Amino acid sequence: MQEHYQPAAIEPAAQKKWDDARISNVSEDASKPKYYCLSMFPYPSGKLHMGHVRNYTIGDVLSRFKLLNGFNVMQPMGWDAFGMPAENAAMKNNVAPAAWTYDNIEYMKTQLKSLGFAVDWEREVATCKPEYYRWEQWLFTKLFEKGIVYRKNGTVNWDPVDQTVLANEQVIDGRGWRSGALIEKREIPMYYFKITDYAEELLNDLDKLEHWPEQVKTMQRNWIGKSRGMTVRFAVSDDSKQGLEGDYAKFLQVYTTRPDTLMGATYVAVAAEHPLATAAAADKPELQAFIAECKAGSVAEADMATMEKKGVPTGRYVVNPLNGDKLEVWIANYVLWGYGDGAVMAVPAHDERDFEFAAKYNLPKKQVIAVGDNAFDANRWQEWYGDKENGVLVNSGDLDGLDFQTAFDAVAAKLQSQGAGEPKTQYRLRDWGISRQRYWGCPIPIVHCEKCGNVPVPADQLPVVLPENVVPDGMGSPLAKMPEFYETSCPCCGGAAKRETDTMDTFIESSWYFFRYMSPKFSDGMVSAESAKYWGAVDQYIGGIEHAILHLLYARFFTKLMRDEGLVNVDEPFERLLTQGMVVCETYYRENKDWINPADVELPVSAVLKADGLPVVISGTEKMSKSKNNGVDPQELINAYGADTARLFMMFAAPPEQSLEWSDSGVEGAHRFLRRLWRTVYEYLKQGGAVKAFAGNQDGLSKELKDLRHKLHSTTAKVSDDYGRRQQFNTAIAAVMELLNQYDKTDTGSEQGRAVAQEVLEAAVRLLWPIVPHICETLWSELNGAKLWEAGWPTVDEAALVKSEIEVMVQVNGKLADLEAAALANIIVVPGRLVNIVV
């Protein structure tokens, strides 16, 4: 055994030992309990970053833990290859996105193999290969003829300079981020997944996810946004019907989730595209400018509540069908045309948004809800104004005294009696638009024929291969400029036809890749029936919190779609979910700001550039990114200390949910502990060699060795509970360090002492194997000759936890240090089990 810990010597040999044994290459063996541990597969951006290393180390710790407990563990890896990154690097390097993608895949695959992740590389997938996306094109065609996928016109943001479509997140003050030109709003036909049909199922099945973070389930419920409200129709006053036609001349229909406060409505608001706004603005220039300003907006839901709400009166009036109050209609900028009826009512006394809106324009506030003896200040909002559970109605006529639910049915009864309204259920969830005007993506299997219409590609002709011999210039979608691609024949009549040049949303490939891992070479479907029946669903899922809404909701949606097609048998894809925190680092620059990467900086007084001696400016600590040039390359971390030191540093610096801060001193400490672990096993084997680990009746051991066995098996139970239940790996590392400290302070020189020392070391290297498997595999082969994965997870000897009982009999006046203070708690004693009290 080498005296000093050398990572570059043991890590390749340990990885070769694991590959030759094929411990990670698992199949559908029905003679062993399966476990599907999955980490979110990465974009082949070029090289790994610290966020990747943390995620896949967390997944490998859990996978190796289940592996040591006898599970048939599958930990697959893959590449989310489609997207704008490859298209942007194409425009900057004059290289095809496919060639740029495949080079990154082979390089990042080399890095992942260097870290020693126990993954099944025989199940590797790449979403940009036709062997993969042929099946999402297949599901598209099946759902297209079923109506789940449909095609209709949708409004997009067009940049007339960059010649591309931009999202609302890419529109600043109505202009593009790169071009800076005023964006144009055009209606173009696009494809949609009718996800609203599964809205109630996607909402209620969240309750099954008992091992999901409650904030993630809460984030999905709010995004779905189911509300059980009331449709209310306000009769248009006879003096306000000019310019209106049809039902819009009869009434103004709104939707509200608080019909118990209908008596408190002081005004109503419509959208800019509402016919009431159109008729009222026909002769008012100030309203036409307000309607044009609303239509030219681009407020995303990530900041639609931070939008400055504003409105303008119209002069038209409607009638409240429950008290006769003549209410004026306003044009508001928060009423969205397409949500409900494009019109709402406002109760400023019990809705915080209507409160601020009314206080802005000095609009009346009518209290109709009272919660106890709480005072009502009309010039100050209080949280009890919007209470529903503990409130009764006031100033509501014959509705006073009722709570929320009874007044809900009471208002519904009156509205349905006169035909002025009825209950209704709605959802904030919109349909999923999947059309993208880019090249580097999965083609949409639709052929356009002027005789047959929008026709899906037959199953025999799939896939519609995306040509990889393309270098996008940027003046539009390259597929739209390639007649060799889109010109084809119609699959129904055989005449001249054009292919769909748009590609699919890249979230589609990540919505089902967890099923493809079960049979990534199955040529007859998305997933074979025998594999999906065996592996079932994903037991453990690890990924960042940024995907807690869209990606997870899309995966649950696709799971139910595939289930209803007889492909899979599960209702949910992910049983357990672990969201990892971000990785932050300090930033440095040199003004002239010119941010410098920390790997080239040398420092507690100040810091300076490693290339010379020019002092740098230390700035704030932020998440690692290319914005402030504070990303620390993980490859340099491996080249300096080895893979085990990197894994150990990330699992010990912070719990997985908590954000990890980069620290050069912390990396040195992790490497220093690995030296200590190596030195400990070496010094033990030098003074005698390996022996048989202690086992059996511990009675007869010294008090010192009994305490070391107590600390040992309590540490095993602590680590086992930290891996299985809490999933808090930094505390498990601390527990093993505490065991080694007591080992250092224990005389293990005797024959029975060596046996306990062997039991301590054989357990410590196995408890730390899921975290640092390279050095643990090497140290285990020096202490024991058997296979580590065949020895299994260390068992807890509960006999070593039961402490010795101090039993004796007390005696006061004849009849019935350490033992005297306990007896006096309830005069010389006998050194044994007898204490006499001379009173």
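When you see a residue number, it is the position in the sequence shown, counting from 1. Between two forms, the rigid core is defined as the largest C-alpha subset superposing within 1.5 Å.
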| query | finding |
| --- | --- |
| Which of 474-482 and 278-286 lies farther from this form in 8 other deposited structures of this protein, as RMS of C-alpha positions after a rigid core fit | 278-286 |
| Segment of greater CA departure in 8 other deposited structures of this protein, 506-514 or 234-242, core superposed | 234-242 |
| Missing-residue flag, residue 95, threshold a third of other entries | no |
| Missing-residue flag, residue 605, threshold a third of other entries | yes |
| Gap size between residue 696 and residue 695, counted in deposited residues that the entry leaves unmodelled | none |
| Of 796-804 and 775-783, the stretch whose C-alpha atoms average the higher B-factor in the entry | 796-804 |
| Higher-B stretch (mean Cα B-factor, as the entry records it), 722-730 or 391-399 | 391-399 |
| Selection by C-alpha B-factor (highest) of 600, 509, 744, 572 | 600 |
| Residue with maximal Cα B-factor (values as given in the PDB entry) among 260, 205, 103, 505 | 103 |
| Third of the chain's Cα B-factor distribution that residue 330 belongs to, per the entry | middle |
| Residue 60 - Cα temperature factor, lowest/middle/highest third of chain | lowest |
| Residue 814 - which third its CA temperature factor falls in, relative to the rest of the chain | highest |
| Residue 762 - which third its CA temperature factor falls in, relative to the rest of the chain | middle |
| Residue 198, C-alpha B-factor rank within chain (lowest, middle or highest third) | lowest |
